[PDB]
Structure formats: C-alpha cells, structure tokens
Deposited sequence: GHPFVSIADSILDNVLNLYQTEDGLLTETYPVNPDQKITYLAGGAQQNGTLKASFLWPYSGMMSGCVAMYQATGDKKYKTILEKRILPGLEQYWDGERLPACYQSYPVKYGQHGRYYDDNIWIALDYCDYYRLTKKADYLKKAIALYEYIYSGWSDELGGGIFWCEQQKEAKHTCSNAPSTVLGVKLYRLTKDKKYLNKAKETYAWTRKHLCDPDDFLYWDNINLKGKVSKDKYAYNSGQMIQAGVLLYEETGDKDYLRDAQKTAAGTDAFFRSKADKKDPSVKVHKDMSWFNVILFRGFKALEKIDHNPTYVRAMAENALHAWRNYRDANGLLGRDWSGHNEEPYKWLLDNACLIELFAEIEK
C-alpha cells in the first residue's frame, strides 16, 4: 500500500504555493534569502529562480506520486507547471543539447552530466506511465549528452561538469548505469545493457572501497581518488547492482548490492536524534537519503530484508512529526539538530518522492 501519499500530496501543494515565481519557476529557498550563496557549482546579481538540481526534485516527486496513486492531479501539475518550467533550462545552443544549471534567459550557465541523468531517469519512468513519445525521445537525447561526457582517460568513466572536465565521479557513473538498464527495458537495444555493464565494472574497480564496500567520490585525471563517502553514491550502486542482477541472473551483482547496503546502513545510520538521543538517524542530507532509498527499496523486493527501508522511513516520519518550521518545511538534517531559517527547495521537494515511495 501507500500509507503516506497524503503527506507527499500536502508537501507538493505547500511547496508550489510558497516557492512559485510569476514567470513559472520556483525560488531557491523559502523564505527568499536576499544574501543567497550557492556552494554546489564547479569552482553576479540577484537570483530570480532556483538552480536545476533543486528544481528537478519536483519532477521526481510528481512522477513518484503519479506512479503511487494514478491520480490525474499529478499528471496535470507535470504537464502545465513542472515540465514547462524545466524547458526554461533547455540549452540547444551548445552541443549536444541538454538542460543547463540555471534558466537560459539569464545567459549561458554550467552544464552538468549528472543533472541530466536524474531528469533522463524521470523521463524513463514518466514515459512508462504515459506512453507519450516526447518523453522517450528526451530520455534518448539526454543519454547521448551524458555519454558525450565519457572518455578513455583512466580507462573509462563519465565527467561531472562539461565546462570543467577534471575528474570522473560516482555521482555521474552510478545513476548512469541505472539509466542504461531503464533504456534497455524500454528499447530492447543491447547497446544500453552493454554500456551499463561497462560503466558499472569501471566504477566498481576504481571507486568501491575494498575494506567496507562503500563508494568513494571521484578519481581525477592525475589518478588521485577523493575518498569522501556520500549516501547517494553507495545508494545508486546498490540500485545499479539489483537492476543488473535482474537483467543477467548473475548473482555477483546481487552480492555486491547486499554488501554495499549492509555497509551503507551501518556507516550512514549513525547520527544521534535530537528528540530521542538513543535513536540512530541517517547522517547525510535529505535528498542523498531519498536517492539511497531507491537502492534499499530495489534490494528489499529481491531479498525481503526490511531492516534498511523500515529504519529510514521511521527516520523521515519522525522528522516530519517533529522538526517542521512555521511554514511546514524541513531542513536537510533528519536528526533535527541544524536550524535553517531559509528552507532549501530540494530539502522539501525530495520528501514528495520519499513519502510517495514508503509502502510499509
């Protein structure tokens, strides 16, 4: 069943009301910070919209809600509001064409290979739900751009930022593997399955820590590995492993997924909760946890181990009941320890997908 769809529905309507701009976009935060700083870009005046990354969480949420409920309300929100808003980021001037990080009416802005993977993944899922030709075409066109980010440097792998090609990242290779499997299922073209297998093998060899089965962040062109461990990176390799096991029957992919998942739960579900210090909470930001939930939920369907999905769903519901602000919005920390007066769009948009995905 879908016990928390009412919560996900409430967040969607509240975010749309509070964050909407007159030109059909969404602000970076609520309330707006006049001195807004953006710390997540590679390496001007006032901001008038959000960047692509937080905006994209609205598409994952709306698609998840349409999948969970079948309610045309969510199809209408995507067709009339979210997808026309997303088009304001489409840069067809620099090639291959893709969605750039900030609206095109504000000039040229950085283009990220990974931003385009998350959108291509939602286009795959939304095409499966509607059969509208345009969505499959967008997903195939986006894949071509994503793979224009691949090179033989370091034996393979995809870059992160098209304008600053300095390293090959787990965040640009692990969801790329998931994307390949999804495109193989929709088109039956073996080229997608072969590239998914090759991208997975490259990432496992160079970016998986052999001591704990957790994924490192990236490897630069000089061969230096950045060993920072984030929940979404291990989470996408769990989902990639499960999907590749479903496609090949090769148990090594399942075994990888189970080892990374056990190591992930032990390492990330380690932060003391504010209200009840005896409860362990996922330490990473809200959106990284929602991406990890895709991997845990995928594995649970195979092995029926509910440990990881139950514990994270409990963490999110606890935060929902206790740490919302006056505007009914949440910050990035589900342990409730960090006060954020200006609530990031993504910290709330990601909850629409999460509460739509909890099945209990």
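Go through the deposited sequence from residue 1 and tell me which stretches lack C-alpha coordinates, in order.
Sequence range with no C-alpha atoms is 44-47 alone.
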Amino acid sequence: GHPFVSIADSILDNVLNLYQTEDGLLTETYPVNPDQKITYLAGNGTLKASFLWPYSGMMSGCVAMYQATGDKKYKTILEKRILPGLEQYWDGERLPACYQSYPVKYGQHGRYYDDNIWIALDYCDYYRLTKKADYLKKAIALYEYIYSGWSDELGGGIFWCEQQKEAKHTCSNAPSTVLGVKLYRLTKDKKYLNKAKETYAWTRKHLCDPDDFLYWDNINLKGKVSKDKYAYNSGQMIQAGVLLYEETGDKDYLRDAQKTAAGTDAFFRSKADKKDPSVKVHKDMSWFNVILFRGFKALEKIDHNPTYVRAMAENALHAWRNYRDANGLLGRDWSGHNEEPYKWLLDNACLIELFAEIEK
From here on, numbers count along this sequence of modelled residues.
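Higher mean Cα B-factor in the deposited model: 231-239 or 273-281?
Going by the record's values, the stretch with the higher mean is 273-281.
Mean Cα B factor from the PDB record: higher for 139-147, or higher for 113-121?
Looking at the recorded C-alpha B-factors, 139-147 comes out higher on average.
Would you mind checking which of 178, 78, 86, 158 has the top Cα temperature factor in the PDB entry?
Across 178, 78, 86, 158, the entry lists the biggest C-alpha B-factor for 158.
Of 58, 329, 49, 311, which one's C-alpha B factor is largest in the deposited record?
Of the candidates given, the C-alpha B-factor peaks at 49.
Which third of the chain holds residue 104 when residues are ordered by C-alpha B factor: lowest, middle or highest?
Tercile = lowest for this residue's CA B-factor.
Splitting the chain's C-alpha B-factors into thirds, which one does residue 335 fall into?
Tercile = lowest for this residue's CA B-factor.
When the modelled residues of the chain are sorted by Cα temperature factor, does residue 35 land in the lowest, middle or highest third?
Highest third - that is where residue 35 ends up once the chain's C-alpha B-factors are sorted.
Quick check on the deposited entry: does the C-alpha B-factor of residue 301 sit in the lowest, middle or highest third of its chain?
For residue 301, whose C-alpha B-factor we compare with every modelled residue in the chain, the answer is the highest third.
Mind checking which third residue 174 falls in for C-alpha B-factor across the chain?
Lowest third.
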